[PDB]
$ cat input34.txt   # compact mmCIF, C-alpha atoms and all ligand atoms
# COMPACT_ATOMS: atom_id res chain seq x y z
CA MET A 13 0.00 0.00 0.00
CA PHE A 14 1.10 3.61 0.64
CA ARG A 15 0.38 4.17 -3.06
CA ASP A 16 -1.12 7.60 -2.37
CA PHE A 17 1.50 8.61 0.17
CA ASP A 18 4.12 10.47 -1.87
CA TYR A 19 3.62 14.23 -1.90
CA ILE A 20 5.32 17.42 -3.00
CA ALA A 21 4.17 20.83 -1.94
CA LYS P 76 10.45 13.24 -6.03
CA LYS P 77 12.94 13.27 -3.15
CA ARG P 78 14.87 10.19 -1.99
CA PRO P 79 16.76 9.35 1.23
CA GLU P 80 20.14 9.72 -0.51
CA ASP P 81 19.22 13.37 -1.26
CA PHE P 82 19.83 14.17 2.42
CA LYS P 83 22.53 14.07 5.06
CA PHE P 84 20.97 13.08 8.37
CA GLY P 85 22.15 14.54 11.66
CA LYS P 86 20.86 14.42 15.21
CA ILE P 87 17.64 12.87 16.42
CA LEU P 88 15.29 15.70 17.36
CA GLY P 89 12.68 13.51 19.02
CA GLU P 90 11.06 10.11 19.16
CA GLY P 91 7.38 9.24 19.22
CA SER P 92 5.76 5.88 19.84
CA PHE P 93 6.08 4.89 16.16
CA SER P 94 8.26 7.59 14.64
CA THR P 95 11.66 9.26 14.89
CA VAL P 96 12.33 12.86 13.84
CA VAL P 97 15.83 13.59 12.55
CA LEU P 98 17.46 16.84 11.49
CA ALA P 99 18.52 16.59 7.87
CA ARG P 100 20.26 18.77 5.32
CA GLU P 101 19.23 18.51 1.68
CA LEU P 102 22.45 18.10 -0.32
CA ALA P 103 21.35 20.00 -3.45
CA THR P 104 20.16 23.10 -1.58
CA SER P 105 21.76 23.03 1.87
CA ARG P 106 18.33 23.54 3.45
CA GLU P 107 17.50 22.02 6.84
CA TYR P 108 14.39 19.95 7.43
CA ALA P 109 13.01 17.94 10.31
CA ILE P 110 12.32 14.57 8.72
CA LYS P 111 9.82 12.32 10.49
CA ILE P 112 10.52 8.68 9.72
CA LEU P 113 8.20 5.75 10.29
CA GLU P 114 8.87 2.04 9.72
CA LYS P 115 6.26 0.49 7.42
CA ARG P 116 6.32 -2.94 9.07
CA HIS P 117 5.66 -1.38 12.46
CA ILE P 118 2.83 0.91 11.41
CA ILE P 119 1.19 -1.99 9.48
CA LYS P 120 1.53 -4.35 12.43
CA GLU P 121 0.16 -1.82 14.90
CA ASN P 122 -2.84 -0.55 12.90
CA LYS P 123 -1.38 2.98 12.51
CA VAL P 124 -1.73 3.40 8.74
CA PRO P 125 -4.85 5.58 9.07
CA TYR P 126 -3.01 7.99 11.37
CA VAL P 127 -0.14 8.33 8.90
CA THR P 128 -2.52 8.90 5.98
CA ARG P 129 -4.44 11.43 8.07
CA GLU P 130 -1.30 13.38 9.01
CA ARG P 131 -0.30 13.62 5.35
CA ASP P 132 -3.79 14.55 4.16
CA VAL P 133 -4.39 17.23 6.80
CA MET P 134 -0.94 18.82 6.55
CA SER P 135 -1.22 19.00 2.75
CA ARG P 136 -4.13 21.40 3.26
CA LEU P 137 -2.30 23.86 5.49
CA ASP P 138 -0.36 26.90 4.42
CA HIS P 139 -0.15 29.37 7.26
CA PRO P 140 2.80 30.77 9.21
CA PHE P 141 1.71 29.34 12.57
CA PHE P 142 1.78 25.68 11.43
CA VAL P 143 4.62 23.28 10.77
CA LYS P 144 4.82 22.91 7.00
CA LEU P 145 4.88 19.59 5.15
CA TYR P 146 7.18 20.13 2.18
CA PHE P 147 7.29 16.60 0.82
CA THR P 148 6.85 12.94 1.56
CA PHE P 149 8.61 9.94 0.09
CA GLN P 150 9.22 6.28 0.83
CA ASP P 151 11.59 3.39 0.34
CA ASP P 152 11.09 -0.34 0.89
CA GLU P 153 11.18 -0.05 4.70
CA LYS P 154 10.20 3.50 5.64
CA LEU P 155 7.94 6.51 5.19
CA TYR P 156 9.46 10.00 5.34
CA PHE P 157 7.75 13.35 6.06
CA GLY P 158 9.83 16.45 5.29
CA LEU P 159 8.80 19.12 7.75
CA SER P 160 9.89 22.61 8.62
CA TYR P 161 12.40 22.57 11.47
CA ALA P 162 11.16 24.35 14.62
CA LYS P 163 14.53 25.06 16.19
CA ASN P 164 13.25 26.19 19.57
CA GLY P 165 11.24 23.10 20.38
CA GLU P 166 8.06 22.77 22.45
CA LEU P 167 6.17 25.54 24.16
CA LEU P 168 5.90 23.22 27.18
CA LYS P 169 9.67 23.49 27.73
CA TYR P 170 9.34 27.23 28.30
CA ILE P 171 6.35 26.96 30.62
CA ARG P 172 8.42 24.59 32.70
CA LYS P 173 11.62 26.69 32.54
CA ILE P 174 10.04 29.95 33.57
CA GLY P 175 7.13 28.60 35.59
CA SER P 176 4.51 31.16 34.59
CA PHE P 177 4.33 33.58 31.65
CA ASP P 178 3.85 37.29 32.32
CA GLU P 179 0.79 39.06 30.94
CA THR P 180 2.49 40.38 27.80
CA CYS P 181 3.82 36.96 26.87
CA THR P 182 0.56 35.21 27.73
CA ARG P 183 -1.30 37.67 25.52
CA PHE P 184 1.09 37.34 22.58
CA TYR P 185 1.24 33.56 22.50
CA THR P 186 -2.51 33.23 23.14
CA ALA P 187 -3.13 35.58 20.23
CA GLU P 188 -0.93 33.50 17.92
CA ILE P 189 -2.83 30.36 18.92
CA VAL P 190 -6.18 32.08 18.37
CA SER P 191 -5.00 33.27 14.95
CA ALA P 192 -3.91 29.73 14.08
CA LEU P 193 -7.22 28.22 15.21
CA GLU P 194 -9.14 30.81 13.20
CA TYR P 195 -7.27 29.63 10.10
CA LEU P 196 -7.68 25.94 10.89
CA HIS P 197 -11.39 26.19 11.69
CA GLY P 198 -11.96 28.31 8.58
CA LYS P 199 -10.73 25.29 6.63
CA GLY P 200 -13.15 23.03 8.49
CA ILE P 201 -10.38 21.20 10.37
CA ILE P 202 -10.47 20.23 14.06
CA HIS P 203 -7.07 19.67 15.69
CA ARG P 204 -8.36 17.56 18.64
CA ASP P 205 -4.97 17.33 20.40
CA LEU P 206 -4.00 20.93 21.03
CA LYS P 207 -1.57 21.20 23.96
CA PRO P 208 1.79 22.85 24.68
CA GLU P 209 3.77 19.76 23.58
CA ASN P 210 2.19 20.19 20.15
CA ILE P 211 2.93 23.90 19.86
CA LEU P 212 6.52 24.19 18.66
CA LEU P 213 8.57 27.37 18.33
CA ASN P 214 10.64 28.47 15.37
CA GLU P 215 14.00 30.29 15.41
CA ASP P 216 12.18 33.63 15.74
CA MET P 217 10.00 32.31 18.60
CA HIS P 218 6.75 32.24 16.68
CA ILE P 219 4.48 29.25 17.13
CA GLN P 220 4.43 26.24 14.84
CA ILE P 221 1.50 23.96 15.61
CA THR P 222 2.07 20.29 14.83
CA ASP P 223 0.69 16.74 15.32
CA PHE P 224 -2.09 16.34 12.75
CA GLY P 225 -2.44 12.57 12.62
CA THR P 226 -5.39 12.83 15.00
CA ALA P 227 -6.90 15.90 13.34
CA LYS P 228 -10.14 15.74 11.32
CA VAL P 229 -11.19 17.41 8.09
CA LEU P 230 -14.94 17.97 8.38
CA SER P 231 -16.81 17.27 5.17
CA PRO P 232 -18.13 20.46 3.59
CA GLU P 233 -20.49 18.40 1.40
CA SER P 234 -22.53 17.22 4.40
CA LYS P 235 -21.93 20.33 6.51
CA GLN P 236 -20.43 17.96 9.05
CA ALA P 237 -19.91 19.56 12.49
CA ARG P 238 -19.11 16.53 14.68
CA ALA P 239 -16.34 13.92 14.50
CA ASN P 240 -16.54 10.49 16.11
CA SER P 241 -12.98 9.25 16.68
CA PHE P 242 -11.87 9.16 20.30
CA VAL P 243 -8.54 10.96 20.31
CA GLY P 244 -6.76 13.50 22.44
CA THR P 245 -4.83 13.98 25.69
CA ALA P 246 -6.72 13.68 28.99
CA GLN P 247 -5.76 17.08 30.46
CA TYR P 248 -7.09 18.91 27.39
CA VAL P 249 -9.96 16.68 26.27
CA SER P 250 -13.36 18.34 25.97
CA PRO P 251 -16.41 17.34 28.02
CA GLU P 252 -18.41 16.67 24.85
CA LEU P 253 -15.95 14.04 23.74
CA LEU P 254 -16.20 12.34 27.12
CA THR P 255 -19.98 12.48 27.40
CA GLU P 256 -21.37 12.65 23.83
CA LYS P 257 -18.48 10.72 22.25
CA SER P 258 -17.86 13.31 19.55
CA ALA P 259 -15.76 16.44 19.11
CA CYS P 260 -16.38 19.64 17.17
CA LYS P 261 -14.37 22.77 16.33
CA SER P 262 -15.33 24.16 19.73
CA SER P 263 -13.46 21.27 21.37
CA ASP P 264 -10.23 23.05 20.35
CA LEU P 265 -11.51 26.20 22.14
CA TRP P 266 -11.81 24.19 25.33
CA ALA P 267 -8.18 23.12 24.86
CA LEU P 268 -7.25 26.79 24.28
CA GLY P 269 -8.77 27.67 27.64
CA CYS P 270 -6.74 25.00 29.33
CA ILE P 271 -3.60 26.30 27.62
CA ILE P 272 -4.17 29.93 28.62
CA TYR P 273 -4.74 28.76 32.21
CA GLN P 274 -1.51 26.76 32.05
CA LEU P 275 0.54 29.67 30.71
CA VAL P 276 -0.48 31.81 33.67
CA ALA P 277 -0.85 29.19 36.45
CA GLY P 278 2.02 26.90 35.46
CA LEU P 279 -0.15 23.77 35.24
CA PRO P 280 -3.32 22.96 33.31
CA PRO P 281 -6.59 23.31 35.21
CA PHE P 282 -7.75 19.66 35.46
CA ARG P 283 -4.95 17.83 37.25
CA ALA P 284 -4.70 14.35 38.67
CA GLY P 285 -2.40 11.36 38.76
CA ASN P 286 -4.59 9.33 36.45
CA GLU P 287 -6.89 9.84 33.50
CA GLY P 288 -10.15 8.68 35.06
CA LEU P 289 -9.84 11.27 37.83
CA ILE P 290 -9.12 14.02 35.27
CA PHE P 291 -12.20 13.02 33.26
CA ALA P 292 -14.41 13.26 36.36
CA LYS P 293 -13.17 16.77 37.04
CA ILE P 294 -13.64 17.89 33.45
CA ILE P 295 -17.27 16.85 33.27
CA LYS P 296 -18.01 18.63 36.58
CA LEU P 297 -16.01 21.77 35.59
CA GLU P 298 -14.05 21.17 38.79
CA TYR P 299 -11.15 23.67 38.79
CA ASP P 300 -10.10 26.90 40.49
CA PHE P 301 -7.86 29.86 39.74
CA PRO P 302 -4.69 30.67 41.70
CA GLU P 303 -4.19 34.11 43.23
CA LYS P 304 -3.02 36.98 41.01
CA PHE P 305 -4.28 35.30 37.87
CA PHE P 306 -4.55 38.25 35.43
CA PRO P 307 -8.21 39.34 35.70
CA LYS P 308 -8.93 39.75 31.97
CA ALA P 309 -7.26 36.38 31.28
CA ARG P 310 -9.43 34.80 33.98
CA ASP P 311 -12.52 36.23 32.30
CA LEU P 312 -11.40 34.81 28.96
CA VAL P 313 -10.68 31.35 30.42
CA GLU P 314 -14.15 31.35 32.05
CA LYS P 315 -15.64 32.05 28.61
CA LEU P 316 -13.75 29.10 27.03
CA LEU P 317 -14.05 26.48 29.77
CA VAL P 318 -17.79 26.14 29.41
CA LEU P 319 -19.40 22.68 29.44
CA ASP P 320 -21.87 23.54 26.65
CA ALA P 321 -19.72 23.56 23.51
CA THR P 322 -22.16 25.96 21.79
CA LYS P 323 -21.49 28.65 24.41
CA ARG P 324 -17.69 28.96 24.12
CA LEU P 325 -16.37 32.31 22.93
CA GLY P 326 -15.13 31.81 19.36
CA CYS P 327 -17.44 28.94 18.42
CA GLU P 328 -19.77 29.04 15.44
CA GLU P 329 -22.89 29.33 17.60
CA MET P 330 -21.33 32.33 19.38
CA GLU P 331 -20.68 33.90 15.95
CA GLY P 332 -17.04 32.96 15.48
CA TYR P 333 -13.64 34.53 15.90
CA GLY P 334 -14.69 38.20 15.76
CA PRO P 335 -16.11 38.22 19.27
CA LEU P 336 -13.15 36.18 20.59
CA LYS P 337 -10.54 38.54 19.08
CA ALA P 338 -12.54 41.45 20.54
CA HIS P 339 -12.21 40.15 24.10
CA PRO P 340 -10.69 42.79 26.44
CA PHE P 341 -7.67 40.58 27.14
CA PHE P 342 -6.63 41.24 23.51
CA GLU P 343 -7.27 45.00 23.44
CA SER P 344 -3.70 45.91 22.49
CA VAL P 345 -3.24 43.14 19.92
CA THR P 346 -2.71 43.93 16.25
CA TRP P 347 -4.07 40.79 14.63
CA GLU P 348 -2.78 41.57 11.15
CA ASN P 349 0.80 40.39 10.58
CA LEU P 350 1.28 38.87 14.08
CA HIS P 351 3.80 36.54 12.43
CA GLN P 352 5.92 39.55 11.47
CA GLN P 353 5.90 41.12 14.95
CA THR P 354 8.84 40.50 17.28
CA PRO P 355 7.69 38.24 20.10
CA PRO P 356 8.21 39.47 23.68
CA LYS P 357 11.17 37.89 25.47
CA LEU P 358 10.18 35.01 27.75
CA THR P 359 11.41 35.87 31.22
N1 LIG Q 1 8.98 19.89 12.89
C1 LIG Q 1 9.75 19.73 13.96
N2 LIG Q 1 10.81 20.50 14.31
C2 LIG Q 1 11.48 20.24 15.45
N3 LIG Q 1 11.15 19.23 16.27
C3 LIG Q 1 10.12 18.41 16.02
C4 LIG Q 1 9.34 18.63 14.82
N4 LIG Q 1 8.37 17.71 14.78
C5 LIG Q 1 8.50 16.94 15.89
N5 LIG Q 1 9.55 17.38 16.62
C6 LIG Q 1 10.02 16.80 17.89
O1 LIG Q 1 10.09 15.39 17.72
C7 LIG Q 1 9.25 14.75 18.69
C8 LIG Q 1 8.66 13.48 18.12
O2 LIG Q 1 7.60 13.87 17.27
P1 LIG Q 1 6.61 12.79 16.63
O3 LIG Q 1 5.50 13.57 15.95
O4 LIG Q 1 7.47 11.82 15.87
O5 LIG Q 1 6.07 12.01 17.93
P2 LIG Q 1 5.15 12.55 19.14
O6 LIG Q 1 3.87 13.15 18.59
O7 LIG Q 1 6.01 13.39 20.07
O8 LIG Q 1 4.92 11.18 19.95
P3 LIG Q 1 3.57 10.31 20.04
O9 LIG Q 1 3.29 9.94 18.60
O10 LIG Q 1 4.02 9.14 20.89
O11 LIG Q 1 2.53 11.22 20.65
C9 LIG Q 1 8.20 15.80 19.07
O12 LIG Q 1 7.67 15.57 20.38
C10 LIG Q 1 8.96 17.10 18.94
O13 LIG Q 1 9.55 17.50 20.19

$ encode --input "input34.txt" --output "structure tokens"
Amino acid sequence: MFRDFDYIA
Amino acid sequence: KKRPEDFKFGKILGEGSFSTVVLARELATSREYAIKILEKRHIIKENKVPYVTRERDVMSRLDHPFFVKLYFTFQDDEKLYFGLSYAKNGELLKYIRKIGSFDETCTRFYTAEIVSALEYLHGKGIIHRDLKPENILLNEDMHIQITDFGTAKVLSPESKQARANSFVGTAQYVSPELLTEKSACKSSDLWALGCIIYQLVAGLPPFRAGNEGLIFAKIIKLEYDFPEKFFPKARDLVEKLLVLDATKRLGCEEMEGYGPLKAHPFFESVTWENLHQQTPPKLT
């Protein structure tokens, strides 16, 4: 999972 | 997309139950971040995935000077990483302990920053639910940086949701409605604000005991008292926040919001615009 975890402001 | 090898890690800044926060320098830019690192196996085993998702989702919505900023997240096979602004001066709680009691000027200034932050947060339909001095960090310039959003709640605008059902918080600052009605609302954070103002002046929060059940019993009975010399306008404000009926707390939606709160006499000398650009009073 954690597929929707990555993030960049 | 950032990667672990993009950073040089330095000292551990803190440890939580399922996380470690490390100071890091980004090699390409020389910027410093506080990077919160969680082990995937551990969070999966211990049912903490929703809290990690929540922290990311809530922080991604915030862009205000009185909140820790989430700049990026990334992952590798073993870990999750949150790149956060570094609050060099640590927790507000440290200063309450060091000094014992804040003077009126300092109480007013820091209370005003917290009120300004809550105005922003509530305007976005977000309830913090764990507001307390350990979760109010300080930056290099001694302005507040509110953190700890894994137990926060984004209320759905589509359903005009006002109440949230998860049982979260810290006993000393938990609202009576969460204890009795089993839900929290934006006004629950105003209860916590009252407790914090009391603590800044008195040195300890108002509902005190050696175990949680005893604290809960005091909260639901509004069983607390003020010490001597407690600044009279601050006392009046606390009495308007520590109200059992959540619809009667100064600043709540049913009391017509932040205007009346910011107009309280305790804040008469406050310039609410650009607080984050004002020099904070020295803590002494
Ligand atoms: N952005 C930051 N800048 C500086 N220090 C920080 C920052 N974020 C967290 N810390 C420090 O690291 C500590 C650990 O934070 P973390 O959010 O990992 O766990 P916690 O919330 O303290 O613990 P628990 O999850 O058990 O309640 C914090 O208590 C704080 O003192």

$ residues_around --input "input34.txt" --residues "residue 21 (chain A)" --least-positions-apart "2" --cutoff "10 Å" --atoms "all atoms listed in the file" --output "PDB file with C-alpha atoms, keeping the file's coordinate frame"
ATOM      1  CA  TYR A  19       3.620  14.230  -1.900  1.00  0.00           C
TER       2      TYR A  19
ATOM      3  CA  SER P 135      -1.220  19.000   2.750  1.00  0.00           C
ATOM      4  CA  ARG P 136      -4.130  21.400   3.260  1.00  0.00           C
ATOM      5  CA  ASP P 138      -0.360  26.900   4.420  1.00  0.00           C
ATOM      6  CA  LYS P 144       4.820  22.910   7.000  1.00  0.00           C
ATOM      7  CA  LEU P 145       4.880  19.590   5.150  1.00  0.00           C
ATOM      8  CA  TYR P 146       7.180  20.130   2.180  1.00  0.00           C
ATOM      9  CA  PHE P 147       7.290  16.600   0.820  1.00  0.00           C
ATOM     10  CA  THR P 148       6.850  12.940   1.560  1.00  0.00           C
TER      11      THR P 148
END

$ interface_residues --input "input34.txt" --of "chain P" --to "chain A" --cutoff "12 Å" --atoms "only C-alpha atoms" --output "PyMOL selection string"
chain P and resi 76-78+115-116+118-119+124-125+127-132+134-138+144-159

$ residues_near_ligand --input "input34.txt" --ligand "ligand LIG 1 (chain Q)" --cutoff "7 Å" --atoms "all atoms listed in the file" --output "number ranges by chain"
P: 88-96, 109, 111, 143, 159-163, 165-166, 209, 222-223

$ atom_distance --input "input34.txt" --atom1 "CA of residue 272 (chain P)" --atom2 "CA of residue 293 (chain P)"
18.0 Å

$ closest_residue --input "input34.txt" --among "P:86, P:100, P:139, P:283" --to "residue 195 (chain P)" --atoms "all atoms listed in the file"
P:139

$ atom_distance --input "input34.txt" --atom1 "CA of residue 216 (chain P)" --atom2 "CA of residue 169 (chain P)"
15.9 Å

$ residues_around --input "input34.txt" --residues "region 301-318 of chain P" --least-positions-apart "5" --cutoff "12 Å" --atoms "all atoms listed in the file" --output "ChimeraX atom specification"
/P:176-183,186-187,190,248-252,262-282,294-296,323-327,330,335-343

$ atom_distance --input "input34.txt" --atom1 "CA of residue 219 (chain P)" --atom2 "CA of residue 164 (chain P)"
9.6 Å

$ build_atoms --input "input34.txt" --residues "region 170-181 of chain P" --atoms "N, CA and C atoms" --output "mmCIF file, in the frame of the given file"
data_model
loop_
_atom_site.group_PDB
_atom_site.id
_atom_site.type_symbol
_atom_site.label_atom_id
_atom_site.label_comp_id
_atom_site.auth_asym_id
_atom_site.auth_seq_id
_atom_site.Cartn_x
_atom_site.Cartn_y
_atom_site.Cartn_z
ATOM 1 N N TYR P 170 9.249 25.874 27.765
ATOM 2 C CA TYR P 170 9.340 27.230 28.300
ATOM 3 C C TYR P 170 8.429 27.449 29.495
ATOM 4 N N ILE P 171 7.239 26.854 29.474
ATOM 5 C CA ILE P 171 6.350 26.960 30.620
ATOM 6 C C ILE P 171 7.067 26.354 31.805
ATOM 7 N N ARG P 172 7.684 25.203 31.598
ATOM 8 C CA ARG P 172 8.420 24.590 32.700
ATOM 9 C C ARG P 172 9.624 25.434 33.165
ATOM 10 N N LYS P 173 10.373 25.988 32.225
ATOM 11 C CA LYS P 173 11.620 26.690 32.540
ATOM 12 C C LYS P 173 11.351 27.920 33.387
ATOM 13 N N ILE P 174 10.321 28.648 32.998
ATOM 14 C CA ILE P 174 10.040 29.950 33.570
ATOM 15 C C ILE P 174 9.040 29.816 34.708
ATOM 16 N N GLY P 175 8.141 28.849 34.584
ATOM 17 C CA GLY P 175 7.130 28.600 35.590
ATOM 18 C C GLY P 175 5.758 29.161 35.257
ATOM 19 N N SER P 176 5.742 30.408 34.814
ATOM 20 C CA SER P 176 4.510 31.160 34.590
ATOM 21 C C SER P 176 4.895 32.249 33.612
ATOM 22 N N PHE P 177 4.110 32.463 32.565
ATOM 23 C CA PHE P 177 4.330 33.580 31.650
ATOM 24 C C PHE P 177 3.742 34.887 32.212
ATOM 25 N N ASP P 178 4.428 35.995 31.978
ATOM 26 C CA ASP P 178 3.850 37.290 32.320
ATOM 27 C C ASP P 178 2.675 37.627 31.391
ATOM 28 N N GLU P 179 1.993 38.717 31.681
ATOM 29 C CA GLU P 179 0.790 39.060 30.940
ATOM 30 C C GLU P 179 1.073 39.320 29.477
ATOM 31 N N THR P 180 2.128 40.063 29.172
ATOM 32 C CA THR P 180 2.490 40.380 27.800
ATOM 33 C C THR P 180 2.737 39.125 26.998
ATOM 34 N N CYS P 181 3.506 38.205 27.565
ATOM 35 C CA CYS P 181 3.820 36.960 26.870
ATOM 36 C C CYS P 181 2.618 36.039 26.748
#
